[PDB]
$ cat work.pdb   # PDB, C-alpha atoms
MODEL        1
ATOM      1  CA  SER Z   1      88.674 165.207 340.170  1.00  0.00           C
ATOM      2  CA  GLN Z   2      90.185 168.569 338.993  1.00  0.00           C
ATOM      3  CA  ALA Z   3      93.970 168.573 339.549  1.00  0.00           C
ATOM      4  CA  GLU Z   4      94.533 166.357 336.482  1.00  0.00           C
ATOM      5  CA  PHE Z   5      92.849 168.905 334.205  1.00  0.00           C
ATOM      6  CA  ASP Z   6      94.840 171.921 335.450  1.00  0.00           C
ATOM      7  CA  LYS Z   7      97.801 169.465 335.273  1.00  0.00           C
ATOM      8  CA  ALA Z   8      96.797 168.960 331.602  1.00  0.00           C
ATOM      9  CA  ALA Z   9      96.306 172.669 330.755  1.00  0.00           C
ATOM     10  CA  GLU Z  10      99.503 173.591 332.625  1.00  0.00           C
ATOM     11  CA  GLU Z  11     101.413 170.688 331.100  1.00  0.00           C
ATOM     12  CA  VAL Z  12     100.334 171.689 327.573  1.00  0.00           C
ATOM     13  CA  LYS Z  13     101.561 175.239 328.437  1.00  0.00           C
ATOM     14  CA  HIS Z  14     104.991 173.561 329.137  1.00  0.00           C
ATOM     15  CA  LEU Z  15     105.204 170.855 326.428  1.00  0.00           C
ATOM     16  CA  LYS Z  16     108.571 170.317 324.732  1.00  0.00           C
ATOM     17  CA  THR Z  17     106.969 170.613 321.272  1.00  0.00           C
ATOM     18  CA  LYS Z  18     104.017 172.487 319.814  1.00  0.00           C
ATOM     19  CA  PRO Z  19     101.144 170.235 318.562  1.00  0.00           C
ATOM     20  CA  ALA Z  20      99.167 171.074 315.396  1.00  0.00           C
ATOM     21  CA  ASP Z  21      96.758 174.084 315.207  1.00  0.00           C
ATOM     22  CA  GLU Z  22      94.014 171.415 315.337  1.00  0.00           C
ATOM     23  CA  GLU Z  23      95.484 170.138 318.656  1.00  0.00           C
ATOM     24  CA  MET Z  24      95.825 173.660 320.003  1.00  0.00           C
ATOM     25  CA  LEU Z  25      92.162 173.997 318.945  1.00  0.00           C
ATOM     26  CA  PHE Z  26      90.947 170.720 320.537  1.00  0.00           C
ATOM     27  CA  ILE Z  27      92.725 171.931 323.687  1.00  0.00           C
ATOM     28  CA  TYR Z  28      91.567 175.628 323.484  1.00  0.00           C
ATOM     29  CA  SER Z  29      87.956 174.372 322.931  1.00  0.00           C
ATOM     30  CA  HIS Z  30      87.814 171.420 325.382  1.00  0.00           C
ATOM     31  CA  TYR Z  31      89.600 173.736 327.869  1.00  0.00           C
ATOM     32  CA  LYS Z  32      86.918 176.407 327.554  1.00  0.00           C
ATOM     33  CA  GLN Z  33      83.994 173.930 327.806  1.00  0.00           C
ATOM     34  CA  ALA Z  34      85.871 172.109 330.632  1.00  0.00           C
ATOM     35  CA  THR Z  35      86.312 175.406 332.625  1.00  0.00           C
ATOM     36  CA  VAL Z  36      84.175 178.318 331.284  1.00  0.00           C
ATOM     37  CA  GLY Z  37      81.318 176.298 329.765  1.00  0.00           C
ATOM     38  CA  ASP Z  38      79.488 176.706 326.491  1.00  0.00           C
ATOM     39  CA  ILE Z  39      80.654 179.569 324.347  1.00  0.00           C
ATOM     40  CA  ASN Z  40      78.709 182.436 325.945  1.00  0.00           C
ATOM     41  CA  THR Z  41      80.805 184.829 323.913  1.00  0.00           C
ATOM     42  CA  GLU Z  42      81.012 186.702 320.701  1.00  0.00           C
ATOM     43  CA  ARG Z  43      82.290 184.869 317.668  1.00  0.00           C
ATOM     44  CA  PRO Z  44      84.859 186.946 315.649  1.00  0.00           C
ATOM     45  CA  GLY Z  45      82.313 189.284 314.042  1.00  0.00           C
ATOM     46  CA  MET Z  46      85.100 191.086 312.218  1.00  0.00           C
ATOM     47  CA  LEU Z  47      88.042 188.823 310.995  1.00  0.00           C
ATOM     48  CA  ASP Z  48      87.744 184.963 310.623  1.00  0.00           C
ATOM     49  CA  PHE Z  49      91.527 184.659 311.122  1.00  0.00           C
ATOM     50  CA  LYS Z  50      92.916 182.181 313.814  1.00  0.00           C
ATOM     51  CA  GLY Z  51      90.295 183.488 316.373  1.00  0.00           C
ATOM     52  CA  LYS Z  52      87.426 181.963 314.342  1.00  0.00           C
ATOM     53  CA  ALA Z  53      89.163 178.624 314.772  1.00  0.00           C
ATOM     54  CA  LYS Z  54      89.491 178.876 318.559  1.00  0.00           C
ATOM     55  CA  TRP Z  55      86.031 180.476 319.062  1.00  0.00           C
ATOM     56  CA  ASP Z  56      84.174 178.223 316.681  1.00  0.00           C
ATOM     57  CA  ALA Z  57      86.135 175.110 317.740  1.00  0.00           C
ATOM     58  CA  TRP Z  58      85.080 175.911 321.314  1.00  0.00           C
ATOM     59  CA  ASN Z  59      81.463 176.748 320.240  1.00  0.00           C
ATOM     60  CA  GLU Z  60      81.414 173.277 318.702  1.00  0.00           C
ATOM     61  CA  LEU Z  61      81.355 172.023 322.355  1.00  0.00           C
ATOM     62  CA  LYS Z  62      78.104 173.794 323.421  1.00  0.00           C
ATOM     63  CA  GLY Z  63      76.162 170.835 324.865  1.00  0.00           C
ATOM     64  CA  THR Z  64      79.113 168.631 325.932  1.00  0.00           C
ATOM     65  CA  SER Z  65      79.453 168.086 329.725  1.00  0.00           C
ATOM     66  CA  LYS Z  66      82.092 170.090 331.625  1.00  0.00           C
ATOM     67  CA  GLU Z  67      83.363 166.680 332.685  1.00  0.00           C
ATOM     68  CA  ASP Z  68      83.529 165.255 329.165  1.00  0.00           C
ATOM     69  CA  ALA Z  69      85.434 168.330 328.070  1.00  0.00           C
ATOM     70  CA  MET Z  70      87.653 167.969 331.239  1.00  0.00           C
ATOM     71  CA  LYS Z  71      88.017 164.132 331.014  1.00  0.00           C
ATOM     72  CA  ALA Z  72      88.675 164.105 327.275  1.00  0.00           C
ATOM     73  CA  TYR Z  73      91.007 167.103 327.663  1.00  0.00           C
ATOM     74  CA  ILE Z  74      92.971 165.359 330.422  1.00  0.00           C
ATOM     75  CA  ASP Z  75      93.435 162.199 328.413  1.00  0.00           C
ATOM     76  CA  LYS Z  76      93.988 164.088 325.111  1.00  0.00           C
ATOM     77  CA  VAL Z  77      96.642 166.275 326.754  1.00  0.00           C
ATOM     78  CA  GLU Z  78      98.020 163.030 328.204  1.00  0.00           C
ATOM     79  CA  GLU Z  79      98.175 161.762 324.528  1.00  0.00           C
ATOM     80  CA  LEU Z  80     100.149 164.901 323.695  1.00  0.00           C
ATOM     81  CA  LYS Z  81     102.397 164.197 326.653  1.00  0.00           C
ATOM     82  CA  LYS Z  82     103.189 160.613 325.568  1.00  0.00           C
ATOM     83  CA  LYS Z  83     103.404 161.979 321.932  1.00  0.00           C
ATOM     84  CA  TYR Z  84     105.626 165.026 322.460  1.00  0.00           C
ATOM     85  CA  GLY Z  85     106.581 164.854 326.218  1.00  0.00           C
ATOM     86  CA  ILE Z  86     109.305 166.767 328.109  1.00  0.00           C
TER      87      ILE Z  86
ENDMDL
END
$ encode --input "work.pdb" --output "structure tokens"
Amino acid sequence: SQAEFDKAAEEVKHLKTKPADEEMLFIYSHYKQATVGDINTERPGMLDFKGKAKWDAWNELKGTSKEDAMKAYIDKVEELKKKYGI
């Protein structure tokens, strides 16, 4: 299905607490593979500040199925929901 993934991405955007950079990264990444696909973009190039993390962390997913990214993202966000909630 799809609704549960937007539900996850939207829910994360409304969580009561902020999860670790790493979580933000797992999300950011799994969200891009789950919806955009493999990183068909330009890695930082200039500064390796926070962007390198998101870009690279997403790149890391080149080869994983949209569905695995989606599925795992849904559940993972669900973890975050049981973990941090509303």
$ closest_residue --input "work.pdb" --among "Z:16, Z:43, Z:66, Z:32" --to "residue Z:82" --atoms "only C-alpha atoms"
Z:16
$ atom_distance --input "work.pdb" --atom1 "atom CA of residue Z:53" --atom2 "atom CA of residue Z:25"
6.9 Å
$ residues_around --input "work.pdb" --residues "residue Z:7" --least-positions-apart "5" --cutoff "12 Å" --atoms "all atoms listed in the file" --output "list in words"
residues 1, 2, 12, 13, 14, 15, 31, 70, 71, 73, 74, 75, 77, 78 and 81 of chain Z
$ write_last_selection --input "work.pdb" --atoms "C-alpha atoms" --output "JSON list (two decimals), in the frame of the given file"
[["chain", "number", "residue", "atom", "x", "y", "z"],
["Z", 1, "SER", "CA", 88.67, 165.21, 340.17],
["Z", 2, "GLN", "CA", 90.18, 168.57, 338.99],
["Z", 12, "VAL", "CA", 100.33, 171.69, 327.57],
["Z", 13, "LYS", "CA", 101.56, 175.24, 328.44],
["Z", 14, "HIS", "CA", 104.99, 173.56, 329.14],
["Z", 15, "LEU", "CA", 105.20, 170.86, 326.43],
["Z", 31, "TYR", "CA", 89.60, 173.74, 327.87],
["Z", 70, "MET", "CA", 87.65, 167.97, 331.24],
["Z", 71, "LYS", "CA", 88.02, 164.13, 331.01],
["Z", 73, "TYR", "CA", 91.01, 167.10, 327.66],
["Z", 74, "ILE", "CA", 92.97, 165.36, 330.42],
["Z", 75, "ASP", "CA", 93.44, 162.20, 328.41],
["Z", 77, "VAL", "CA", 96.64, 166.28, 326.75],
["Z", 78, "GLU", "CA", 98.02, 163.03, 328.20],
["Z", 81, "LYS", "CA", 102.40, 164.20, 326.65]]
$ closest_residue --input "work.pdb" --among "Z:41, Z:61, Z:8, Z:35" --to "residue Z:79" --atoms "only C-alpha atoms"
Z:8
$ atom_distance --input "work.pdb" --atom1 "atom CA of residue Z:29" --atom2 "atom CA of residue Z:62"
9.9 Å
$ atom_distance --input "work.pdb" --atom1 "atom CA of residue Z:55" --atom2 "atom CA of residue Z:6"
20.5 Å
$ closest_residue --input "work.pdb" --among "Z:72, Z:86, Z:80, Z:3" --to "residue Z:34" --atoms "all atoms listed in the file"
Z:72
$ closest_residue --input "work.pdb" --among "Z:83, Z:47, Z:60, Z:9" --to "residue Z:27" --atoms "only C-alpha atoms"
Z:9
$ residues_around --input "work.pdb" --residues "residue Z:63" --least-positions-apart "3" --cutoff "10 Å" --atoms "all atoms listed in the file" --output "PyMOL selection string"
chain Z and resi 33+37-39+59-60+66
$ closest_residue --input "work.pdb" --among "Z:5, Z:28, Z:54, Z:67" --to "residue Z:42" --atoms "all atoms listed in the file"
Z:54
$ decode --input "work.pdb" --residues "stretch 35-54 of chain Z" --atoms "N, CA, C and O atoms" --output "PDB file, in the first residue's frame"
ATOM      1  N   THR Z  35      10.503   7.045  -2.113  1.00  0.00           N
ATOM      2  CA  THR Z  35       9.714   7.915  -3.083  1.00  0.00           C
ATOM      3  C   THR Z  35      10.370   8.515  -4.324  1.00  0.00           C
ATOM      4  O   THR Z  35       9.699   8.715  -5.314  1.00  0.00           O
ATOM      5  N   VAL Z  36      11.636   8.794  -4.265  1.00  0.00           N
ATOM      6  CA  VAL Z  36      12.380   9.393  -5.439  1.00  0.00           C
ATOM      7  C   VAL Z  36      13.095   8.272  -6.202  1.00  0.00           C
ATOM      8  O   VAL Z  36      13.037   8.188  -7.416  1.00  0.00           O
ATOM      9  N   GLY Z  37      13.741   7.448  -5.427  1.00  0.00           N
ATOM     10  CA  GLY Z  37      14.518   6.274  -5.937  1.00  0.00           C
ATOM     11  C   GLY Z  37      15.981   6.375  -5.492  1.00  0.00           C
ATOM     12  O   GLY Z  37      16.303   6.936  -4.449  1.00  0.00           O
ATOM     13  N   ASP Z  38      16.831   5.807  -6.303  1.00  0.00           N
ATOM     14  CA  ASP Z  38      18.266   5.844  -5.991  1.00  0.00           C
ATOM     15  C   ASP Z  38      18.734   7.293  -6.196  1.00  0.00           C
ATOM     16  O   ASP Z  38      18.246   8.041  -7.022  1.00  0.00           O
ATOM     17  N   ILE Z  39      19.681   7.641  -5.389  1.00  0.00           N
ATOM     18  CA  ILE Z  39      20.250   8.998  -5.469  1.00  0.00           C
ATOM     19  C   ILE Z  39      20.768   9.303  -6.895  1.00  0.00           C
ATOM     20  O   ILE Z  39      21.848   8.956  -7.327  1.00  0.00           O
ATOM     21  N   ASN Z  40      19.923  10.001  -7.597  1.00  0.00           N
ATOM     22  CA  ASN Z  40      20.224  10.399  -9.018  1.00  0.00           C
ATOM     23  C   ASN Z  40      20.591  11.887  -9.023  1.00  0.00           C
ATOM     24  O   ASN Z  40      20.367  12.631  -9.957  1.00  0.00           O
ATOM     25  N   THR Z  41      21.160  12.224  -7.899  1.00  0.00           N
ATOM     26  CA  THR Z  41      21.625  13.616  -7.627  1.00  0.00           C
ATOM     27  C   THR Z  41      23.123  13.743  -7.382  1.00  0.00           C
ATOM     28  O   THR Z  41      23.910  12.815  -7.394  1.00  0.00           O
ATOM     29  N   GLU Z  42      23.416  14.977  -7.147  1.00  0.00           N
ATOM     30  CA  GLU Z  42      24.758  15.481  -6.868  1.00  0.00           C
ATOM     31  C   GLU Z  42      25.066  15.506  -5.369  1.00  0.00           C
ATOM     32  O   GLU Z  42      24.401  16.138  -4.574  1.00  0.00           O
ATOM     33  N   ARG Z  43      26.077  14.780  -5.033  1.00  0.00           N
ATOM     34  CA  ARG Z  43      26.541  14.696  -3.643  1.00  0.00           C
ATOM     35  C   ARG Z  43      27.213  16.074  -3.383  1.00  0.00           C
ATOM     36  O   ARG Z  43      27.823  16.617  -4.288  1.00  0.00           O
ATOM     37  N   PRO Z  44      27.098  16.580  -2.175  1.00  0.00           N
ATOM     38  CA  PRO Z  44      27.669  17.881  -1.755  1.00  0.00           C
ATOM     39  C   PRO Z  44      28.552  18.611  -2.757  1.00  0.00           C
ATOM     40  O   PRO Z  44      28.207  19.672  -3.240  1.00  0.00           O
ATOM     41  N   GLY Z  45      29.675  18.036  -3.041  1.00  0.00           N
ATOM     42  CA  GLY Z  45      30.628  18.670  -4.026  1.00  0.00           C
ATOM     43  C   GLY Z  45      31.466  19.745  -3.353  1.00  0.00           C
ATOM     44  O   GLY Z  45      32.672  19.775  -3.482  1.00  0.00           O
ATOM     45  N   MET Z  46      30.765  20.604  -2.661  1.00  0.00           N
ATOM     46  CA  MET Z  46      31.436  21.721  -1.934  1.00  0.00           C
ATOM     47  C   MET Z  46      31.678  21.457  -0.419  1.00  0.00           C
ATOM     48  O   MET Z  46      32.787  21.157  -0.028  1.00  0.00           O
ATOM     49  N   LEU Z  47      30.673  21.565   0.418  1.00  0.00           N
ATOM     50  CA  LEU Z  47      30.833  21.329   1.907  1.00  0.00           C
ATOM     51  C   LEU Z  47      30.359  19.922   2.378  1.00  0.00           C
ATOM     52  O   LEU Z  47      29.315  19.486   1.928  1.00  0.00           O
ATOM     53  N   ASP Z  48      31.037  19.219   3.255  1.00  0.00           N
ATOM     54  CA  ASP Z  48      30.515  17.877   3.670  1.00  0.00           C
ATOM     55  C   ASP Z  48      29.728  17.963   5.011  1.00  0.00           C
ATOM     56  O   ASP Z  48      29.594  17.018   5.772  1.00  0.00           O
ATOM     57  N   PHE Z  49      29.243  19.162   5.217  1.00  0.00           N
ATOM     58  CA  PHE Z  49      28.427  19.517   6.427  1.00  0.00           C
ATOM     59  C   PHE Z  49      27.118  18.687   6.352  1.00  0.00           C
ATOM     60  O   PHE Z  49      26.919  18.015   5.365  1.00  0.00           O
ATOM     61  N   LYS Z  50      26.274  18.736   7.352  1.00  0.00           N
ATOM     62  CA  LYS Z  50      24.964  17.969   7.392  1.00  0.00           C
ATOM     63  C   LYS Z  50      24.363  17.379   6.069  1.00  0.00           C
ATOM     64  O   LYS Z  50      23.746  16.326   6.087  1.00  0.00           O
ATOM     65  N   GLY Z  51      24.565  18.068   4.974  1.00  0.00           N
ATOM     66  CA  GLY Z  51      24.057  17.641   3.624  1.00  0.00           C
ATOM     67  C   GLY Z  51      24.731  16.317   3.246  1.00  0.00           C
ATOM     68  O   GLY Z  51      24.056  15.423   2.787  1.00  0.00           O
ATOM     69  N   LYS Z  52      26.025  16.229   3.458  1.00  0.00           N
ATOM     70  CA  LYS Z  52      26.753  14.964   3.121  1.00  0.00           C
ATOM     71  C   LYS Z  52      26.046  13.821   3.828  1.00  0.00           C
ATOM     72  O   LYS Z  52      25.859  12.787   3.242  1.00  0.00           O
ATOM     73  N   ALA Z  53      25.654  14.051   5.058  1.00  0.00           N
ATOM     74  CA  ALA Z  53      24.976  12.958   5.798  1.00  0.00           C
ATOM     75  C   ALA Z  53      23.710  12.597   5.037  1.00  0.00           C
ATOM     76  O   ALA Z  53      23.598  11.492   4.555  1.00  0.00           O
ATOM     77  N   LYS Z  54      22.786  13.513   4.928  1.00  0.00           N
ATOM     78  CA  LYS Z  54      21.535  13.166   4.177  1.00  0.00           C
ATOM     79  C   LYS Z  54      21.775  12.560   2.764  1.00  0.00           C
ATOM     80  O   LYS Z  54      21.259  11.501   2.441  1.00  0.00           O
TER      81      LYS Z  54
END
